[PDB]
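Contents: one structure, followed by commentary.
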Amino acid sequence: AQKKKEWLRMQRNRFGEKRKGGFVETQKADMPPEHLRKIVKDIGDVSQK
Amino acid sequence: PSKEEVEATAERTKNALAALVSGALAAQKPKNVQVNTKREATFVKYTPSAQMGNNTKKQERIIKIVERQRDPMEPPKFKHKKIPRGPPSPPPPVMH
Amino acid sequence: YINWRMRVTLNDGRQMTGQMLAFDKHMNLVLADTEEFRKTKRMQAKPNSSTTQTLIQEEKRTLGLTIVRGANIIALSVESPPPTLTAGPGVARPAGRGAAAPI
Amino acid sequence: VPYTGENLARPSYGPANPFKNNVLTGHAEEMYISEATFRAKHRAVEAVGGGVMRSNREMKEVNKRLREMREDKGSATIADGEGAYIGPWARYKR
Amino acid sequence: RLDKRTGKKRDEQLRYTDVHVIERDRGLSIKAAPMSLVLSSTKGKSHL
Amino acid sequence: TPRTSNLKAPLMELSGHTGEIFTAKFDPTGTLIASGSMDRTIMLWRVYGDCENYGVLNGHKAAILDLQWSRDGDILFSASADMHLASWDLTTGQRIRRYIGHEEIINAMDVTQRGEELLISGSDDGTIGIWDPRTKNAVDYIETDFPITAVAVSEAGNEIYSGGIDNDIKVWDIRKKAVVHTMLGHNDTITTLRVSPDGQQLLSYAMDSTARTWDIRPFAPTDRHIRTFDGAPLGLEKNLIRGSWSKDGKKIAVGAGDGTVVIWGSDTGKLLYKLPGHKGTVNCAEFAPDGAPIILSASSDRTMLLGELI
Amino acid sequence: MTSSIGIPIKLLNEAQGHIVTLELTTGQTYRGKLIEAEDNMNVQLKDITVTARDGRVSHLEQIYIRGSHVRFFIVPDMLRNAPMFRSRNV
Amino acid sequence: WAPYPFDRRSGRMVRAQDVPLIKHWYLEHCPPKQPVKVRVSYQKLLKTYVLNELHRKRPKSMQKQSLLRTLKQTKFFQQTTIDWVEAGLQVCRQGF
RNA sequence: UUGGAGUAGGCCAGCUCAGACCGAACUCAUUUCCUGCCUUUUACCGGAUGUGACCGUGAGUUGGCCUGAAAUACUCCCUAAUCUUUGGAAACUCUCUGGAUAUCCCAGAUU
């Protein structure tokens, strides 16, 4: 019974369509604009060490 | 030499020179941005030997080697050093 | 069942066989390379035997392209049936089995 | 030949040395396995709980004690003050 | 293949029997041009 | 070694798959190879003349674990981890149709070479499926309690040999939907089930790295075993390694996890060959069906080796 | 539901001007040039050499034959290659 | 009878810089009674048009990699939506 | 009129092919010449000749995402009132012709 569960889980993990390359692939998503705003404000004049 | 050996040597030499042409074309004009996101892993079966004193047989290892993601904006990291020429190949006897 | 090679029974018992090309709502058949087959019950009396042999002898005719009306058709019978893959990206080269581990 | 059984069966003659590896520290060869095999074996070694036989209900029970050890997640419809949504940034008490 | 055509070129007249380069550039016919076609009548009989 | 067979080279590579090659087969004529892989494609190669890749089939949403030529040699049969089967026309290169109804990954599949044409699809929902290759719906399905990783159809066309994770080779009757007898001896999951060319013996390799030959004749003693063969270790991957019989039935070949193909004599038991040359688990080891001493190995280093036996 | 003319009647319309041989159910056989044809198989012919089962060989000019009293026409072989027998892809 | 594209009712969308709004002014005959400078400008725009059409290059184009999509494939570039003034201030400060 | 095989829209990404009108729009570089301006040459002048890049475009195909739809739905090709499909039939006899030939029988034709 536990061998059956392990075999089913292993084969679904290996041969599932959701893991065609070994991992779950998502779409490149859009970040909030305040992230870029904070990055640009933080680095500034590039004067800090 | 007959056409078989001649064409075999032609294939071997033109494969080597084609590799050299590919390297020279890569060096001559870089492809603007030098990144490659097709970073396919390489798996290595590594069997350790005995080292640093102890001689117990360590378990053999499976190692995943992946190329590191590089910043596309990074310039060349190191300067070029002008090292003098090494000595030539050992010269032959002078058969006068 | 278009273009299937078919045999047709006619109203007067004749046969019309060949390569059918078309049909309509009135069951009129366009039938190519047609052979008309006729049967007659002959009483072939041999000079030595007093019993006249009853034989349904068979006679042939060729017509070619024909068009029969559905008001004279009886039955429709089967005669006979009528008389992109791209290459791959793989390569092949000679190779050896390498240096086997000497056991 | 030299891949047949009688060729692999014969040993190397002579005595043995009383006193090889591809790299300086051991022997390393290139191998080909599925990604899922390496991930599953690395997970079995890495995860604290690799092995130790366990079904779904007591795993959910361990998840429940782990969840109640953590801080309150908060209410997402409360935008300010006590009860405001903290979410996955809730820390574990220690 | 005329509908796989873009730009001002898809607004051009086909001009099937104008084949001289003078005919193409001047936009008029300079030579006689024969064709043989199978055309159907109203009753359905094809003629040459 | 002098030349033994009619090949361009005594041994040579076939490559071009971008994933692990899980199953490779032969034409019944013995002139065409069809290989399905992890990369959801099927590559069709020509053995003789210039060794040329001449076809690619792309219809499956997941890994293709099996594919079987028909009795004539114009139809290809794919079992795939997208929970489907498929019949392919190898003249236009199109897919004829898909066979739908399995609720898990299909591991095995077999067609009948004698008699009426059927499809034998074992799958991880514990289900054998008997399919007719003209209707998209299954003729029948036998439900079990354990995932099935290897199936085989008999000469008579009424017996199903099914191996799975229950460590038993079960022999079922199609018209009765019941096991006629179980066959024990293995202690890890059965990966292949091949009937001999004469139909007198059964080969079964499993995940305990032991290949067992069994007496299959109807009037047999209580223990239907014959022999056990060692020397083909299964490595780290738990793949479905599939073996084959030679045409005369004298030799058996099983892929190993060391990149080697281990060939034994079916009647004597000696290790006739241990053939290296692969950098991964050899998923398939097949013999040429047209009386030739040719062995094809398909391995998860994305490659196949065509070799001759000298 | 416009009454589409059948392919046999279309082939009969193609056959006008050619030499056709008609076999009737009233026993007559005519070989002649098909001048006029209708959608209900009434045909007007010109040459009409006549042949019956009782051997009524005769020659005359111009005839109107109704489509109910006929069995079948025979038309030239080349009319097999008419454009109506090529499947227009829709 | 309207000129292109006003005689159409469907079409493909073009780049904003690919719409020459006043090109037909100098593709047509110049209005009567212009200054010499305006007529010379008309003739020079005609010259630019004619040289653009005479040197109309169309050789083979091979596999072209897009710069922005290749940068978007990496982890070092993210995407968002901002005001154009904010983007211009960022570009000017970055270049400085 | 039906069957068989099919399954939406939007967006993202890869791959292959397509300038000929890929693009109803328009730059830059460069080989070999000729001209111009020129103390030198980078940068230039403007014609020819090829040759590259760059800003873009379309189709096919593969994978993914988002919102759904949920065996619904959609889809392709395909198969009783006169000229056929709501029967002028059915049955038998006579005569004639042919074979048999003393007849029976039968084929064809006619009533």
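To be explicit about the labels: the chains of the structure tokens are called A, B, and onward in the order shown, and within each one the residues are counted from 1, while ligands get numbers from 1 in the order they are shown.
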Taking 3 positions as the minimum chain separation for residues in the same chain, which residues sit within 12 Å of residue A:8 when counting only C-alpha atoms (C1' of nucleotides)? Answer as a ChimeraX atom specification.
/A:1-5,11-16 /F:104-107,123-126,146-149,165
Using only C-alpha atoms, which chain F residues lie at most 10 Å away from chain C, written as a PyMOL selection string?
chain F and resi 8-17+42-45+50-57+89-94+260+274-278+304-307
Excluding residue C:13 and residues on its chain fewer than 3 positions from it, collect all residues at most 9 Å away from it, counting only C-alpha atoms (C1' of nucleotides), and give them as a PyMOL selection string.
chain C and resi 9-10+38-39+74
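Proximity of H:45, H:78, H:15, H:4 to residue H:27, computed with only C-alpha atoms, is greatest for H:45.
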Among G:35, G:15, G:75, G:60, chain C is approached most closely, using only C-alpha atoms, by G:75
What residues in stretch 43-84 of chain C get the DSSP label strand (DSSP E or B)? Please answer as a ChimeraX atom specification.
/C:43-45,52-68,73-80
Could those residues be written to a file, using N, CA and C atoms, as a CSV table (one decimal), in the first residue's frame?
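Final output, result_23.csv:
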```csv
chain,number,residue,atom,x,y,z
C,43,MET,N,-31.9,-23.8,-74.8
C,43,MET,CA,-32.2,-25.3,-74.8
C,43,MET,C,-31.2,-25.9,-75.8
C,44,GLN,N,-30.0,-26.1,-75.3
C,44,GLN,CA,-29.0,-26.7,-76.2
C,44,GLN,C,-29.2,-28.2,-76.3
C,45,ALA,N,-29.7,-28.7,-77.4
C,45,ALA,CA,-30.1,-30.1,-77.6
C,45,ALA,C,-28.9,-30.7,-78.3
C,52,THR,N,-32.7,-32.0,-73.8
C,52,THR,CA,-32.2,-30.7,-74.2
C,52,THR,C,-31.7,-30.0,-73.0
C,53,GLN,N,-30.4,-29.6,-73.0
C,53,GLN,CA,-29.7,-29.1,-71.9
C,53,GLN,C,-30.2,-27.6,-71.6
C,54,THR,N,-30.8,-27.4,-70.5
C,54,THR,CA,-31.2,-26.1,-70.1
C,54,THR,C,-30.0,-25.3,-69.5
C,55,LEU,N,-29.5,-24.3,-70.3
C,55,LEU,CA,-28.3,-23.6,-69.8
C,55,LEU,C,-28.6,-22.1,-70.0
C,56,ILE,N,-28.3,-21.3,-69.0
C,56,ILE,CA,-28.5,-19.9,-69.0
C,56,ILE,C,-27.2,-19.3,-69.5
C,57,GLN,N,-27.1,-19.1,-70.8
C,57,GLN,CA,-25.9,-18.7,-71.4
C,57,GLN,C,-25.7,-17.2,-71.3
C,58,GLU,N,-24.4,-16.8,-71.2
C,58,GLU,CA,-24.0,-15.4,-70.9
C,58,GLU,C,-23.4,-14.8,-72.1
C,59,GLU,N,-23.9,-13.5,-72.4
C,59,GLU,CA,-23.3,-12.8,-73.5
C,59,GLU,C,-23.0,-11.4,-73.0
C,60,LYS,N,-21.9,-10.8,-73.6
C,60,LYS,CA,-21.2,-9.6,-73.2
C,60,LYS,C,-21.6,-8.4,-74.1
C,61,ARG,N,-21.5,-7.2,-73.6
C,61,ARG,CA,-21.4,-6.0,-74.4
C,61,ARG,C,-20.7,-4.9,-73.6
C,62,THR,N,-19.9,-4.1,-74.3
C,62,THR,CA,-19.2,-3.0,-73.7
C,62,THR,C,-19.9,-1.7,-74.2
C,63,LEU,N,-20.0,-0.7,-73.3
C,63,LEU,CA,-20.7,0.5,-73.6
C,63,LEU,C,-19.8,1.7,-73.2
C,64,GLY,N,-19.0,1.7,-72.1
C,64,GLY,CA,-18.2,2.8,-71.7
C,64,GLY,C,-18.9,3.6,-70.6
C,65,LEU,N,-19.1,4.9,-70.9
C,65,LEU,CA,-19.7,5.8,-70.0
C,65,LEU,C,-21.2,5.8,-70.2
C,66,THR,N,-22.0,5.4,-69.1
C,66,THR,CA,-23.4,5.2,-69.2
C,66,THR,C,-24.1,6.0,-68.1
C,67,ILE,N,-25.4,6.2,-68.3
C,67,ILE,CA,-26.3,6.9,-67.4
C,67,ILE,C,-27.6,6.3,-67.4
C,68,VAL,N,-27.9,5.6,-66.3
C,68,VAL,CA,-29.1,4.8,-66.1
C,68,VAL,C,-30.2,5.5,-65.3
C,73,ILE,N,-34.3,0.8,-62.4
C,73,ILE,CA,-33.3,0.1,-61.5
C,73,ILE,C,-34.1,-0.8,-60.6
C,74,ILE,N,-33.5,-2.0,-60.2
C,74,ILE,CA,-34.1,-2.9,-59.3
C,74,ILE,C,-33.3,-3.0,-58.0
C,75,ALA,N,-32.0,-3.3,-58.1
C,75,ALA,CA,-31.2,-3.5,-57.0
C,75,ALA,C,-29.8,-3.0,-57.3
C,76,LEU,N,-29.0,-2.7,-56.3
C,76,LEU,CA,-27.7,-2.2,-56.5
C,76,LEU,C,-26.7,-3.1,-55.7
C,77,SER,N,-25.7,-3.6,-56.4
C,77,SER,CA,-24.9,-4.7,-55.8
C,77,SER,C,-23.4,-4.3,-55.9
C,78,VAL,N,-22.6,-4.6,-54.9
C,78,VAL,CA,-21.2,-4.4,-55.0
C,78,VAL,C,-20.5,-5.3,-55.9
C,79,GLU,N,-19.7,-4.8,-56.8
C,79,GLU,CA,-18.8,-5.6,-57.7
C,79,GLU,C,-17.4,-5.8,-57.2
C,80,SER,N,-16.7,-4.7,-57.0
C,80,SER,CA,-15.3,-4.7,-56.7
C,80,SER,C,-14.8,-3.3,-56.2
```
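Among the candidate residues B:85, B:64, B:39, B:70, the one lying nearest to residue D:34 is B:64, with distances computed using only C-alpha atoms.
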Quick check: residues of chain I within 9 Å of chain E, only C-alpha atoms (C1' of nucleotides), returned as a ChimeraX atom specification.
/I:21-24
Just C-alpha atoms (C1' of nucleotides) for this one: save the residues we selected as a PDB file, in the first residue's frame.
```
ATOM      1  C1'   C I  21       4.810  43.905 -51.697  1.00  0.00           C
ATOM      2  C1'   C I  22       8.241  40.567 -45.541  1.00  0.00           C
ATOM      3  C1'   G I  23       7.961  47.707 -44.045  1.00  0.00           C
ATOM      4  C1'   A I  24       1.913  52.014 -48.390  1.00  0.00           C
TER       5        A I  24
END
```
